Amino acid sequence: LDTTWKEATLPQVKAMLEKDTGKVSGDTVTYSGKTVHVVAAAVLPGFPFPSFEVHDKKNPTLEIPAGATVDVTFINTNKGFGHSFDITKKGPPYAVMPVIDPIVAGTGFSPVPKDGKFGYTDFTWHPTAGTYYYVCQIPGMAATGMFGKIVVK
Ligand SMILES: [Cu+]
């Protein structure tokens, strides 16, 4: 797993969130091009706990073209928590301790927010076509809705 992290101030977090290259319609975010840039955050201020936000949407379904390089940036903005972002082929419902191996791409547990800053990381992903899920592995979070769907085709 990706377990290397950097720290960002709030202006840096805002700058990064705006680099998501998706296009929104309803609760779907659609990506296009040779390399696509997904920027996800764990519980942005005021969004429902527990959830991921991508392109300002709660747990949206990501539509990714087959053959694209997927550059994921994951930011943990939720004070007191160490959320992860892990992609799996296993769908819901998830147990309190989700059983989702193998994790095809994703992170360990993130640093908890500290010192006025937020931990984030970047990883790359080259999926085969199919359906995937992005899931948090902190106990109980996926069971209470902290996941979303990815369609690569
Ligand atoms: Cu989480």
Using R₀ = 30 Å, calculate the FRET efficiency as 1/(1 + (r/R₀)^6) where r is the Cβ-Cβ separation of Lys90 and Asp56; round to 0.05. 0.65
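Order by neighbour count: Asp20, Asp2, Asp56, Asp115, fewest other Cβ atoms within 10 Å first, most last.
Details: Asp20 23, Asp2 17, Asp56 14, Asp115 7.
Starting with the residue having the fewest Cβ neighbours, the order is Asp115, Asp56, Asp2, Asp20.
With n ≥ 4 as the cut-off for DSSP H runs, can you work out [θ] at 222 nm for the chain, using -39500 (n - 2.57) per run divided by the number of residues, rounded to the nearest 500? Walk me through the intermediate numbers first.
Details: 1 runs with 8 residues, N = 153.
Mean residue ellipticity, 222 nm, calculated: -1500 deg cm²/dmol.
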Binned Cα-Cα distance frequencies in the stretch 13-76 - 5 Å width, integer %: 4, 20, 30, 25, 16, 4, 2, 0
Around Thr128, with a cut-off of 11 angstrom between Cβ atoms, what is the net charge of the other residues, counting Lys and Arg +1 and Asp and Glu -1? +2
Net charge contributed by nearby residues that have their C-beta within less than 10 Å of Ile100 (K/R +1, D/E -1): 0
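Please go through the residue pairs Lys6/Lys90; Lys6/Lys79; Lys23/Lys79; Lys90/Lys149; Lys14/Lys79; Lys6/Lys117 and name each one whose alpha carbons sit more than 18 Å apart in this structure.
From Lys6/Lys90; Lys6/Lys79; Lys23/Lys79; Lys90/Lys149; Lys14/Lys79; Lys6/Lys117, over 18 Å: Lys6/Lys90; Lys23/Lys79.
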Distance from the Cα centre of the stretch 1-60 to that of the stretch 81-110, in angstrom? 17
Determine by what factor the alpha-carbon radius of gyration of the stretch 79-137 differs from 2.2 N^0.38 Å, reporting the quotient. 1.26
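How large is the Rg to Rh ratio of the chain when both quantities use alpha carbon positions and Rh follows Kirkwood?
Values: Rg = 14.1 Å, Rh = 15.2 Å.
Taking Rg over the Kirkwood Rh, I get 0.93.
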Which pairs break 28 Å Cα to Cα here: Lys19/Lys153; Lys34/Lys114; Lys114/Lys153? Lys34/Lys114; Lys114/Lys153
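Only the coordinates and a few stated rules stand behind these numbers; no lab work does. Don't worry about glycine lacking a Cβ; one is built from the backbone with ideal geometry, like all the others, and counts go over all protein chains shown.
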